[PDB]
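The listed protein sequences derive, respectively, from chains A and B. Heads up, this note's numbering is the position in the first sequence plus 25, with the first residue counted as 1. Heads up, this note's numbering is the position in the second sequence plus 1, with the first residue counted as 1. Even for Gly, the Cβ is constructed at its ideal location relative to N, Cα and C. Notes follow the structure.
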Amino acid sequence: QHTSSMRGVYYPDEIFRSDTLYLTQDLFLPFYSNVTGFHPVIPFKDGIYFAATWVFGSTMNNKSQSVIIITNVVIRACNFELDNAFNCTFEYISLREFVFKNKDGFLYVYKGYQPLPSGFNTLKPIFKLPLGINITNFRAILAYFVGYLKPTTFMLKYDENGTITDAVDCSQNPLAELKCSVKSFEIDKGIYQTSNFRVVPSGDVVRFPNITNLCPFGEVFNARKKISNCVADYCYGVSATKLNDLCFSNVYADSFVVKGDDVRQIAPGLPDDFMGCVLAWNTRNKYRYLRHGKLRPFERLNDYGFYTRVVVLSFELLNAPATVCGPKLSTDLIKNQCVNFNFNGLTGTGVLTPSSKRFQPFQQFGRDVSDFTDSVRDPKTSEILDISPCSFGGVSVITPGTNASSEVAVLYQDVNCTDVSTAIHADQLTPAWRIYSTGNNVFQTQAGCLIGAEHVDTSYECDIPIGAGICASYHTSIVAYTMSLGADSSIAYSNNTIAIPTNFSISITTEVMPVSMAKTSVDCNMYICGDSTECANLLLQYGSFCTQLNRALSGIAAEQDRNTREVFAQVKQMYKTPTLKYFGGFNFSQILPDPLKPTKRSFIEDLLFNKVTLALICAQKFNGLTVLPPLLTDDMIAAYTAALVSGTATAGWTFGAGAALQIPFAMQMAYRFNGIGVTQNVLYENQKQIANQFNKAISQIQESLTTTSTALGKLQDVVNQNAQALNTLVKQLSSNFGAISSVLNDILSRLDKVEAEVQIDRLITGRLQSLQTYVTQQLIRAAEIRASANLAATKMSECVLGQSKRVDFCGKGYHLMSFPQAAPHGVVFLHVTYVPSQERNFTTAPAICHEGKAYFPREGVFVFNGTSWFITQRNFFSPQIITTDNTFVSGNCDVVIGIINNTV
Amino acid sequence: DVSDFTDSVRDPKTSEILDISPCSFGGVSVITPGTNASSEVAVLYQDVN
Ligand SMILES: *[C@@H]1O[C@H](CO)[C@@H](O)[C@H](O)[C@H]1NC(C)=O
Ligand SMILES: *[C@@H]1O[C@H](CO)[C@@H](O)[C@H](O)[C@H]1NC(C)=O
Ligand SMILES: *[C@@H]1O[C@H](CO)[C@@H](O)[C@H](O)[C@H]1NC(C)=O
Ligand SMILES: *[C@@H]1O[C@H](CO)[C@@H](O)[C@H](O)[C@H]1NC(C)=O
Ligand SMILES: *[C@@H]1O[C@H](CO)[C@@H](O)[C@H](O)[C@H]1NC(C)=O
Ligand SMILES: *[C@@H]1O[C@H](CO)[C@@H](O)[C@H](O)[C@H]1NC(C)=O
Ligand SMILES: *[C@@H]1O[C@H](CO)[C@@H](O)[C@H](O)[C@H]1NC(C)=O
Ligand SMILES: *[C@@H]1O[C@H](CO)[C@@H](O)[C@H](O)[C@H]1NC(C)=O
Ligand SMILES: *[C@@H]1O[C@H](CO)[C@@H](O)[C@H](O)[C@H]1NC(C)=O
Ligand SMILES: *[C@@H]1O[C@H](CO)[C@@H](O)[C@H](O)[C@H]1NC(C)=O
Numbered sequence: 026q027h028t029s030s031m032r033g034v035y036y037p038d039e040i041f042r043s044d045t046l047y048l049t050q051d052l053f054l055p056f057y058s059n060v061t062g063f064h065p066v067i068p069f070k071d072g073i074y075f076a077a078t079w080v081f082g083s084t085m086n087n088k089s090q091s092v093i094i095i096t097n098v099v100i101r102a103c104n105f106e107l108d109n110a111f112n113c114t115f116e117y118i119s120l121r122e123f124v125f126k127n128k129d130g131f132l133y134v135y136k137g138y139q140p141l142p143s144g145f146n147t148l149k150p151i152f153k154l155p156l157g158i159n160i161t162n163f164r165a166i167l168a169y170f171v172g173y174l175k176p177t178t179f180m181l182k183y184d185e186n187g188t189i190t191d192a193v194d195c196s197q198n199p200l201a202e203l204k205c206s207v208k209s210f211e212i213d214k215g216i217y218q219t220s221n222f223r224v225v226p227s228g229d230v231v232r233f234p235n236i237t238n239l240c241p242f243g244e245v246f247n248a249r250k251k252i253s254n255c256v257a258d259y260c261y262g263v264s265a266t267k268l269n270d271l272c273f274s275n276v277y278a279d280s281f282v283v284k285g286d287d288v289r290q291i292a293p294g295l296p297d298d299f300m301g302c303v304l305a306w307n308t309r310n311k312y313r314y315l316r317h318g319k320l321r322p323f324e325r326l327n328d329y330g331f332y333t334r335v336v337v338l339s340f341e342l343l344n345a346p347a348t349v350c351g352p353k354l355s356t357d358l359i360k361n362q363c364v365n366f367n368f369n370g371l372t373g374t375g376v377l378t379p380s381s382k383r384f385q386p387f388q389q390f391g392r393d394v395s396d397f398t399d400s401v402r403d404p405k406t407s408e409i410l411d412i413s414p415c416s417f418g419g420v421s422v423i424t425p426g427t428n429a430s431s432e433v434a435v436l437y438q439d440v441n442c443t444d445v446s447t448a449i450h451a452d453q454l455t456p457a458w459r460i461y462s463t464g465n466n467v468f469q470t471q472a473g474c475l476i477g478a479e480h481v482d483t484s485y486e487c488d489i490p491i492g493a494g495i496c497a498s499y500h501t502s503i504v505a506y507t508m509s510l511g512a513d514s515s516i517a518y519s520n521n522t523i524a525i526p527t528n529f530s531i532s533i534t535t536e537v538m539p540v541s542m543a544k545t546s547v548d549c550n551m552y553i554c555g556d557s558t559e560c561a562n563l564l565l566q567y568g569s570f571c572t573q574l575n576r577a578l579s580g581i582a583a584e585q586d587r588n589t590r591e592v593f594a595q596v597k598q599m600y601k602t603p604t605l606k607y608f609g610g611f612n613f614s615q616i617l618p619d620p621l622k623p624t625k626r627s628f629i630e631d632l633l634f635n636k637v638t639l640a641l642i643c644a645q646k647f648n649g650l651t652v653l654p655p656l657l658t659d660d661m662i663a664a665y666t667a668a669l670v671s672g673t674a675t676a677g678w679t680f681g682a683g684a685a686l687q688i689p690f691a692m693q694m695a696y697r698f699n700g701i702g703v704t705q706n707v708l709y710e711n712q713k714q715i716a717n718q719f720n721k722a723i724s725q726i727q728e729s730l731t732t733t734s735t736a737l738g739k740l741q742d743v744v745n746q747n748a749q750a751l752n753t754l755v756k757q758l759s760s761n762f763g764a765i766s767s768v769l770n771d772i773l774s775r776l777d778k779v780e781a782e783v784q785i786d787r788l789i790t791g792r793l794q795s796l797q798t799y800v801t802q803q804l805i806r807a808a809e810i811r812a813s814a815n816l817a818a819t820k821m822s823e824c825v826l827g828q829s830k831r832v833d834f835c836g837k838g839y840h841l842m843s844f845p846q847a848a849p850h851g852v853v854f855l856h857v858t859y860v861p862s863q864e865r866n867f868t869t870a871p872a873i874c875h876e877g878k879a880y881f882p883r884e885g886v887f888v889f890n891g892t893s894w895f896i897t898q899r900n901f902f903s904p905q906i907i908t909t910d911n912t913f914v915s916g917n918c919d920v921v922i923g924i925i926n927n928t929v
Numbered sequence: 002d003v004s005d006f007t008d009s010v011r012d013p014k015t016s017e018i019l020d021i022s023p024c025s026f027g028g029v030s031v032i033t034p035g036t037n038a039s040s041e042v043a044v045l046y047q048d049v050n
């Protein structure tokens, strides 16, 4: 008894594929399965996998056709006695692994070779024998290992040469299904939703009226009559073969004598909404053709003159208690377990329990507020409600990313979480992993079971989100905890204490915005209804949908160019680079293009293009999909941002409104300090320190971009969303929406010109719907991008071309400056802000009065220091002597505290 | 191919020739001064060699 690690993979067809992932369903050998060694007849069971380092039959006797295989190969399907060569029809004369498969009479044979150990090797087809026999047993002919094939889906990987170089079993692990669902081998960290789940039924329940009798169903035919309280044995609304499983009430038979000349007059065109069964029979071995007006259905002169019947059965159902129906062995009642229903006329599935609903005596069924059957009356007069189909929901897999581990936890969304545990170990769940264990269960507050994660008591910053307040993470086996909102802090409030900063720092932070998206086009008549005319004529009937679709996509494309134009083309003149790149003590390189390099992009703007990944020639595909080019090249968009930075460096604020006015860039930074409420002396006395902080902040940005993981996250999301929408549209062309084939020229080549028009219509309607869905969702996406481009144009005017007082609009501090940089399908702002720090404590008063005259500070607050009172600004400590020019007087000090002999 | 188009065939008489290229198709657009200045126009055949 050994294990088959990854053995038994073969090419499923004879079609060449290269560099792709292909999902298929067929009989395969599950990974890490049980393989029975041999160091003896063996059952077949719909296929086997055979190795070694054959005779096929049904009874291994003379009464059952058998087969024998054997570089001279002899395949002879004859009743060889186990001297017998009779009763046979087929003859054929011309680490090793073999696969055997019996289907539709043919017996397929695959074979491989390699000079059970570990590894995987791929087999190829050899024979396909139309034996057409029944194979259940076999025996070897003389260290051979036997597997078994089961219906499973695999994901097979091809390479450039078209060789199967890997596979995945999509029913082995939760991770294996996750890989199979997203169609990849490496998976990022996160939580993904996958196939649903549902508890499988547990039993069969039947309840029929206990009345038993022999029915006159036969007497009436050979001789309007009613039949009731019998058991018949045995079409316009029912199938004859399906009549012996439904229970009716008072089946009626209409009988009369008419020759075959009038049988073709009894049918609708008999009510129009009613059903029934009609029989007729002739043997030859009155009527009215005059009446004023016709008759309503089911209501009641010459002679036919017979010379040498029609029974219209009517069925009434689900109205009164069931009394007429065929043989059905009853069953006992089971409650509180997902079972099957076969009540009088209600076949379903669910959970039963006693009810508390006051049925009226003349009622037998129940209904909800939405017309669902949430109650029933047992044929033995009992009210039991069949609430819900036991259980179902969704399944989500939590993974750290497959780059750090292969351990995952599984969440079941909406379950009491005790039913799941019972079904897992009872083998009662449709998602059936071959290798999966349960060690511990946590019940999320409202998100259901969590299996594979251990609860911890501490709290962290919610790596992966789950449920309501409960998140999960790997480093913190994976652990599930409760969210932590932040750091608890306290402040001692008082009435005569204030805090004033005594130092600051320069901070530069980045901001990423998308402004545009891909500009695609379609060829309506080529995507649908390809290079053909029989189909092209059929598509003219659907009005002019193609013209509508082309107009909508042309509107989106022309809008993307307005987006980029509105954000960047905000300068009237193209200022040349100052060819100095050192102002005051500020280093402006790495944001201005280098003149000694080929590409005219700044250093920081070159790292942004190496972060986002997308994966004349003039290539074209068969599907009619294409992407148009932008109007502004990447070298023109980069010339706009270099002009904007050059204008800010020299001439500062006043470019745009008016004409650019020079300024040495050290005088304006002083002016930018007055905006945030700090005097000029602060800059001019600490210019060297401030310049150092500026240069360091830029360097950290450059280093971070080089060695980060995801800062251009929003720009990548736009690329992924557009590629996912096109891939869905392309893969919808390999789908047959009801026709026998999904490719034209395969039904257009085998046609009758009467039957091929119905399948072509099936594809046309299916492909038109998929096109409309693509256009609708692109219109919604394009409106969301327009919102982000409108905001980016506001930030260019208010953060780059000026100074902003709106709180936290540009940056996070006080917004000295801001520089733009170009990114693929986006823009990056670098906000330079001012951050005070190093608080101190002081004593303060509202006002000061000298000689009965109060003195309020014209601008600032009063402080005490430790020796004498002073007046200072709020954002920086710079005490000043209290004089008559800092203060002003208003009234007498009767409600304002404090006094000192320091004024004037 | 992915969309169940052949895109490549084997010559019965010992060769393999690419069916991929579906020759040329696209959309045409007309550039006009506006039937007022003049009546001469230019045509753009999009995505062709
Ligand atoms: C192979 O059979 C043995 C014996 O029952 C069993 O313990 C083992 O789990 C089987 N292999 C696998 C992969 O399940
Ligand atoms: C099989 O052989 C027997 C004689 O052993 C013969 O009677 C019978 O017809 C054969 N079955 C056929 C021909 O289907
Ligand atoms: C394809 O096969 C050739 C020779 O058999 C080999 O040189 C080449 O590397 C293979 N393809 C790849 C992608 O390696
Ligand atoms: C019933 O009989 C009356 C007698 O005049 C007749 O007018 C009427 O049409 C009949 N019913 C129907 C449905 O025609
Ligand atoms: C508020 O501050 C005043 C000093 O101006 C002090 O006298 C008073 O006690 C304070 N209120 C308190 C401590 O509740
Ligand atoms: C302000 O902080 C810088 C470093 O961030 C330091 O070098 C400087 O001495 C500080 N100034 C004061 C007045 O504390
Ligand atoms: C500006 O920084 C670069 C490196 O980022 C350095 O090579 C250059 O010398 C600095 N500026 C000046 C004027 O040196
Ligand atoms: C156009 O066709 C010529 C002829 O072979 C070829 O050399 C050229 O590369 C083609 N151009 C494009 C854009 O396909
Ligand atoms: C300022 O005083 C408050 C309370 O008086 C105290 O909580 C805080 O730590 C002090 N901070 C400094 C920088 O002195
Ligand atoms: C502020 O207080 C400090 C410490 O008490 C003192 O050294 C300094 O001289 C004071 N400032 C004045 C008196 O202007």
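Subject >> residue 461(A) and residue 222(A) closer than 8 Å at C-beta >> reply: no
Original post:
Around the C-beta of residue 784(A), are 16 or more other C-beta atoms found within 10 angstroms, so that it is buried, or is it exposed?
Top reply: buried
**OP:** Pick helix, strand or coil for residue 948(A), following the three-state DSSP scheme.
**Re:** Because chain A in this structure spans residues 26 to 929, residue 948(A) falls outside the shown range and cannot be described.
**OP:** With 8 Å as the threshold, decide whether the Cβ of residue 207(A) is near any Cβ in chain B.
**Re:** no
Original post:
Over what stretch of residues does the beta strand (DSSP E) that includes residue 13(B) continue unbroken?
Top reply: First-last for residue 13(B): undefined, no H or E at that position.
**OP:** Would you check if there are 3 or more beta carbon pairs closer than 8 Å linking the region 492 to 500 of chain A to the region 446 to 466 of chain A?
**Re:** no
Original post:
In chain B, which residues lie less than 8 Å from residue 643(A) when you measure between Cβ atoms?
Top reply: 48, 49, 50
**OP:** Hey, could you find the ends of the beta strand (DSSP E) residue 864(A) is sitting in?
**Re:** 851 to 867
Subject >> Helix, strand or coil at residue 85(A) according to DSSP, with G and I counted as helix >> reply: coil
Original post:
First and last residue of the alpha helix (DSSP H) that includes residue 715(A)?
Top reply: 712 to 731
**OP:** Determine whether the Cβ of residue 5(B) lies closer than 8 Å to any Cβ atom of chain A.
**Re:** yes
**OP:** Over the uninterrupted beta strand (DSSP E) stretch that includes residue 535(A), give me the two end residues.
**Re:** 523 to 539
Subject >> Local conformation of residue 312(A) per DSSP, three classes >> reply: strand
Original post:
Between the beta-carbon of residue 850(A) and the beta-carbon of residue 703(A), is there less than 8 Å?
Top reply: no
**OP:** Just the chain B side, please: which residues come within less than 8 Å of residue 551(A) by C-beta, in chain order?
**Re:** 26
Subject >> Contact under 8 Å by Cβ, residue 594(A) with residue 665(A) >> reply: yes
Subject >> Selected residue, minimal CA-CA separation from residue 553(A), among 125(A), 760(A), 375(A) >> reply: 760(A)
Original post:
From which residue to which residue does the beta strand (DSSP E) around residue 199(A) run?
Top reply: Taken as a continuous stretch (DSSP letters only), residue 199(A) belongs to no beta strand (DSSP E), being part of the alpha helix (DSSP H) at 199 to 207.
Subject >> Members of the region 741 to 756 of chain A near chain B, C-beta cut-off 8 Å >> reply: 755, 756
Subject >> CB-CB length for residue 615(A) against residue 723(A), believed under 8 Å >> reply: 6 Å
Original post:
What are the boundary residues of the alpha helix (DSSP H) that includes residue 659(A)?
Top reply: 659 to 674
Subject >> Complete beta strand (DSSP E) runs within the region 237 to 309 of chain A (minimum length 3 residues, chain order) >> reply: 250 to 252, 276 to 279, 302 to 304
**OP:** Could you please tell me which residues of the region 34 to 54 of chain A, in chain order, have their CB closer than 8 Å to any CB of chain B?
**Re:** 41, 45
**OP:** Sort 693(A), 321(A), 596(A) by Cα distance to residue 681(A) and report the nearest one.
**Re:** 596(A)
Original post:
Is there at least one Cβ from chain A nearer than 8 Å to residue 34(B)'s Cβ?
Top reply: no
Original post:
chain A beta carbons: is any one of them nearer than 8 Å to that of residue 23(B)?
Top reply: yes
Original post:
Exposed or buried, what is residue 686(A) when buried is set at 16 or more other beta-carbons lying within 10 Å of its beta-carbon?
Top reply: exposed
Original post:
Name the residues in the region 761 to 773 of chain A whose C-beta lies less than 8 Å from a C-beta of chain B; which are they?
Top reply: 767, 768
**OP:** In the DSSP assignment, find the alpha helix (DSSP H) that holds residue 121(A) and state where it starts and stops.
**Re:** No alpha helix (DSSP H) contains residue 121(A), which is instead part of the beta strand (DSSP E) from 121 to 128.
Subject >> Residues bridged to residue 339(A) [DSSP beta-bridge criterion] >> reply: 277(A)
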